[PDB]
Amino acid sequence: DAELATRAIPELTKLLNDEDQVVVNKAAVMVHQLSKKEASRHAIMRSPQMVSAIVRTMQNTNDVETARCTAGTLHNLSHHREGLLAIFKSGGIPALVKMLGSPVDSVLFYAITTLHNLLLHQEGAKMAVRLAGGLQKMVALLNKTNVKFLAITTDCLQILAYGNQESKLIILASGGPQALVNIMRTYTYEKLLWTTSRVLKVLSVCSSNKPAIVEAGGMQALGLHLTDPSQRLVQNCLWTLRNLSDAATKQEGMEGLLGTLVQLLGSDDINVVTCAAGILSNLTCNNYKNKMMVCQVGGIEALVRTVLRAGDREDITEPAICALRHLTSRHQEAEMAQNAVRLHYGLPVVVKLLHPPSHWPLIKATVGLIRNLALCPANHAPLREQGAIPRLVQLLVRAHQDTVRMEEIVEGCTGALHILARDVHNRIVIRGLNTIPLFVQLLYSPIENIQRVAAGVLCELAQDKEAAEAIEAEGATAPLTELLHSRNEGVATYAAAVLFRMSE
Ligand SMILES: O=S(=O)(Nc1cccc(-c2ccccn2)c1)c1ccc(Br)cc1
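The structure contained in this document is the topic of the report that follows. (Residues numbered from 1 in each chain as written, not as in the entry; some residues may be left out. Heavy atoms only, no water.)

### Some details on the overall build of the chain
Part 1 of the reasoning: Within the chain one finds 34 helices and zero strands.
Part 2 of the reasoning: A compact globule built from 504 residues should have a C-alpha radius of gyration of about 23 Å, whereas the chain, at 34 Å, is more than 25% larger.
Part 3 of the reasoning: With the C-alpha coordinates aligned to their principal axes, the bounding extent of the chain is approximately 115 × 40 × 35 Å.
Part 4 of the reasoning: Looking at the chain as a whole, 54% of its 504 residues qualify as buried. (Helix = DSSP H or I, 4+ residues; strand = E, 2+ residues; numbered from the N terminus. Rg over C-alpha atoms; globule rule 2.2 N^0.38 Å. Buried < 20%, exposed > 50% of the residue type's maximum accessible area, 1.4 Å probe, protein only.)

What follows is the structure in structure tokens.
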């Protein structure tokens, strides 16, 4: 069987080396229609004699029936690791990519099939096509229409992406993302969407290029398939949107995407809820154009319940607590969003997350959220009767006695007593825990924003009579008097307003 070509092989090599571009064309066809034999393709393989001659004849031809059979051999040889090694050694890779510069898809399919098999098999072939300029062509090859073609070209761009930060920018340089997301908002085929998603997912793991797909509409197109029945896909369409969320904060025309996300917060896979609660956190950090869209679709309802699903788990807790904070500061439906937390029974599950086993970053967002919630004074009465002002004042000491920075809490944990002191009974509860020496201690901090919220909870506290008969001791009727000269002005204002309500 195979003992035939094992000696007839060197014959066909010589006739390939000939000059006449007809005694080499149809001669190479003889090699192909023999490669259809798993017994004798082994013989073409085992001896890498013409393995160069096939490669060499490919990039030195002008007839199309040549390349139809020429590269087809290279395909029909990728079926075993034995052959792959020969194709790399024979310099085929910086030549197989030249066939990507053809319109005849019969050549292109046979070509990109080999390049796919090499990457997901042949070691040491990544550095190859990276340098044969194929990163350009593979992108520019995303004009064709044969679903399975673009489903392979996108995958060959995945391996050539997960690795070097430099291989991506070629994709960022020539159409790339704007031609990529086109494959996501025009094609029904499922496998191609998943293959394309891993590309867009990999491209989104460095802030250097994240603001490129977003301007290309990547958030919009990726929002189309969030509901797609292929669950093995949506988990890629989500991790991408979580990384991208640092760019669409200042982007418009993206509304309905949120509406499909706020719904997913009550789904089966706890994975999706986690990434979904994160997608809404960074899509809200400083932008009251998305916020109002989240509220009028029941965002607060969807989040309090989601905060209540887990509780002890913190992968869910942070991006939802840190979300509700964004939906409770500087926007139109502010007061309503501060109300809606209470009506939907939020106050408990919020103050509960102050207590352990919760760790520091969640406690940051929670403390900031309680400052936010206290703006509608209806929220004061429960927080007082919820066991909150204590665990605030202790957390402050936990972050104080040793002075993310604990000082970032000392500010927010005091600045939440300032929006809490605007209620009458809470000023007694603060006064009751015998804390006035600590707020006075804070003023001496020569930092900055800590100066403000310190005097803030004192300025609110001193409106009553007995605070003058208390803060005037301990050592305040002088350090504030040597603070009015502060460069910061809201810091000076507060540092003075205390000094007033003390004389009479
Ligand atoms: O608790 S944070 O959200 N930390 C934190 C940690 C990692 C990332 C970010 C972040 C990334 C992108 C966009 C907004 N945020 C914030 C925070 C908030 C305010 C201040 Br002042 C300091 C830290």
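### Observations concerning the site of the ligand
Part 1 of the reasoning: Taken together, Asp246, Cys285 and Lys364 make up the full set of residues adjacent to the ligand.
Part 2 of the reasoning: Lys364 is positioned with one of its side-chain polar atoms (N or O) 2.9 Å from an oxygen atom of the ligand.
Part 3 of the reasoning: In isolation the ligand exposes 530 Å². Once the protein is present, 32% of that is buried. (Near = heavy atom within 4 Å. Polar contact = N/O pair within 3.5 Å; in protein donor to acceptor, adjacent residues only side chain to side chain. Areas by Shrake-Rupley, 256 points an atom, 1.4 Å probe, with all protein chains shown as cover.)

### Remarks on the side chain of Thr70
Part 1 of the reasoning: Relative to the helices and strands, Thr70 is located in helix α5 (residues 64-77).
Part 2 of the reasoning: By relative accessible area, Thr70 is classed as buried at 3%.
Part 3 of the reasoning: Within polar-contact distance, the side chain of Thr70 engages the backbone oxygen of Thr66 at 2.5 Å.
Part 4 of the reasoning: Setting aside residues up to four positions removed in sequence, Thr70 forms contacts with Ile54 and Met58. (Contact = heavy atoms within 4.5 Å.)

### Comments concerning unusual backbone geometry
Most peptide bonds take the trans form, and the phi angle of most residues other than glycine is negative.
Part 1 of the reasoning: A cis amide bond links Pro356 with the next residue in sequence, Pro357, at an omega value of 5°.
Part 2 of the reasoning: Residue position: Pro357 is located in the loop between α25 (347-352) and α26 (360-373).
Part 3 of the reasoning: Of note in the backbone geometry, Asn434 takes a positive phi value of approximately 55° without being a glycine.
Part 4 of the reasoning: Relative to the assigned elements, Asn434 resides in the loop between α30 (424-432) and α31 (436-443).
Part 5 of the reasoning: According to the relative accessible area criterion, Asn434 is exposed, its value standing at 64%.
Part 6 of the reasoning: The residue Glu474 is not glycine, and still its phi comes out positive at about 60°.
Part 7 of the reasoning: With respect to the helices, strands and loops of the structure, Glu474 is situated in the loop between α33 (465-471) and α34 (489-500).

### Notes on the pattern of salt bridges
Part 1 of the reasoning: Counted by the stated rule, this structure contains eight salt bridges.
Part 2 of the reasoning: The shortest N-O distance in the salt bridge between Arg232 and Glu190 comes to 2.8 Å. With a gap of 42 residues between them, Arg232 in helix α18 (residues 231-244) and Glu190 in helix α15 (residues 190-203) connect regions that are remote in the sequence.
Part 3 of the reasoning: Judged by relative accessible area, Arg232 falls into the partly exposed class, the value being 43%. (Salt bridge = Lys/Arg side-chain N within 4 Å of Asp/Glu carboxyl O.)

### A look at empty space enclosed by the protein
Part 1 of the reasoning: Here the largest cavity defines a volume of roughly 40 Å³.
Part 2 of the reasoning: Looking at the lining of the largest cavity, the elements that each hand over two or more residues are α4 (50-58) and α5.
Part 3 of the reasoning: Here the lining of the largest cavity gets three residues from one element, more than from any other, and that element is α5.
Part 4 of the reasoning: Here the lining of the largest cavity is built from residues that sort into five nonpolar, one polar and no charged. (1 Å grid on protein atoms, 1.4 Å probe; cavity = no way out; pocket = protein on both sides within 12 Å on 5 of 7 lines; lining within 4 Å. Points joined across faces, edges and corners; volume = space filled by probe spheres on them. Nonpolar A, V, L, I, M, F, W, Y, C, P; charged D, E, K, R; others polar.)

### What about the packing of aromatic side chains?
Part 1 of the reasoning: Across all of its chains, the model carries zero aromatic pairs by this definition.
Part 2 of the reasoning: A cation sits over an aromatic face here: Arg232 above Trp194, 4.7 Å from the ring centre. (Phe/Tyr/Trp six-rings, centres within 6.5 Å; stacked < 30°, edge-to-face > 60°. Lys NZ or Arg CZ within 6 Å of the ring centre and 35° of its normal.)

### A look at the layout of surface pockets
Part 1 of the reasoning: Here the largest pocket defines a volume of roughly 680 Å³.
Part 2 of the reasoning: Along the walls of the largest pocket sit 27 residues, with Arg325, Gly368, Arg371, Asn372 and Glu411 positioned nearest its centre.
Part 3 of the reasoning: Looking at the lining of the largest pocket, the elements that each hand over two or more residues are α23 (314-326), α26, α29 (407-418) and α32 (449-461).
Part 4 of the reasoning: For the lining of the largest pocket, the element with the highest residue contribution is α29, accounting for seven residues.

### A short note on the state of the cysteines
In a disulfide, the sulfur atoms of two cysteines are covalently bonded to one another.
Part 1 of the reasoning: In this structure the tally under the stated criterion is zero disulfides.
Part 2 of the reasoning: We note that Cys275 lacks a disulfide partner, and the nearest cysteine sulfur, in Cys237, lies 12 Å from it.
Part 3 of the reasoning: With no disulfide of its own, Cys322 has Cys285 as its nearest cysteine by sulfur position, at a separation of 7.0 Å.
Part 4 of the reasoning: Take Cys322: its relative accessible area is 17%, and that puts it in the buried class. (Disulfide = S-S within 2.5 Å.)

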